[PDB]
Amino acid sequence: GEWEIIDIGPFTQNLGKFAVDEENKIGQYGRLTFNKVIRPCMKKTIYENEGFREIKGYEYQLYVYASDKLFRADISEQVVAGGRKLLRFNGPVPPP
């Protein structure tokens, strides 16, 4: 895995909306209203450990406000677009 911080622009905010949408299906935290994704947002790029030295997927680690509480959500993304999954959604957590 390799790590980088990405901005919290539209792509990142939409990851946050996805996370909230998916958590609403579960219902652990009742019915949440997405507010906004705040810094820092981390992107993990996952590589196959042997040649051809290749990317097998991504994971995003977000701090997202929903219904005015702060949550940590981890989201996986496949190489073939449109395979996103909510891995973890935990909180409330203290601010970064």
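A quick yes/no check of all residues on (1) of a type in the set (A, V, I, L, M, F, W, C); (2) in contact (Cβ under 8 Å) with a residue 24 or more places away in the chain:
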site	(1), (2)
2	no, yes
12	no, yes
35	no, yes
48	no, no
52	yes, no
58	no, no
62	yes, yes
66	yes, yes
81	yes, no
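In the stretch 12-68, of all residues being under 12 Å from the mean Cα position of the chain (by Cα) and among the polar types (S, T, N, Q), the one that is surrounded by the fewest Cβ atoms within 10 Å (Cβ to Cβ) corresponds to 14. Once the stretch 69-96 is narrowed to residues that are farther than 19 Å from residue 23 by Cα and of a type in the set (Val, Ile, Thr), the residue that is surrounded by the most Cβ atoms within 10 Å (Cβ to Cβ) is 79.
Every read-out reported here was derived from the displayed coordinates using simple, explicitly stated rules and does not represent laboratory data. Note: ideal-geometry Cβ built from the backbone for every residue, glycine included; neighbour counts use all protein chains shown.
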